[PDB]
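Single chain ahead, by itself, as structure tokens, in the form deposited in one PDB entry.
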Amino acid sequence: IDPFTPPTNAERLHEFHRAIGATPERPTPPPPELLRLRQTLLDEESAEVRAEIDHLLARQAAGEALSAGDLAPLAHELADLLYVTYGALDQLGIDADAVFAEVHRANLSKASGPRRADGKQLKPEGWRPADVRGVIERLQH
């Protein structure tokens, strides 16, 4: 499935990494041990988000109408996930906003296509996929 089925937050992660001694201004591969760690951490944070969804689903199944406050733990974990995802991009010395803008361009464009009779989102004429490599090359040079 897929989605169709003042400083920015990226800049905040740069501030954070400065604080913990952790980053490059241009795209730069990290040490293996650091990739490994990032992989684990993404793994863990996505697991916590999915667990909080499970709790809400169980409460809804029992018939509860959740309040705004009830959504806080999930919102907290989601933000934690943004943090470590932005963290990865910052660690890589990749401008997250530049890459995000290109991904957003392509997704928004795809959203403007027609739908199949069964409701599946189709691409519009002349749809242009996200060219993230082009963004990276641009940032590097």
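When you see a residue number, it is the position in the sequence shown, counting from 1. Shifts are known only where both forms have a C-alpha. Under this definition, the rigid core comprises the largest set of C-alpha atoms superposing within 1.5 Å between the forms.
Here the subject shifts to the form deposited in another entry, a form of this protein not shown in this document.
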query	finding
Residue among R115, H76, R36, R59 with C-alpha shift of 2 Å or more between this form and the one not shown, core superposed	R115
Is_shifted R128 between this form and the one not shown (CA, 2 Å cut-off, rigid core)	yes
Core-superposed comparison between this form and the one not shown, runs of at least 3 residues with CA shifts of 2 Å or more	112-128
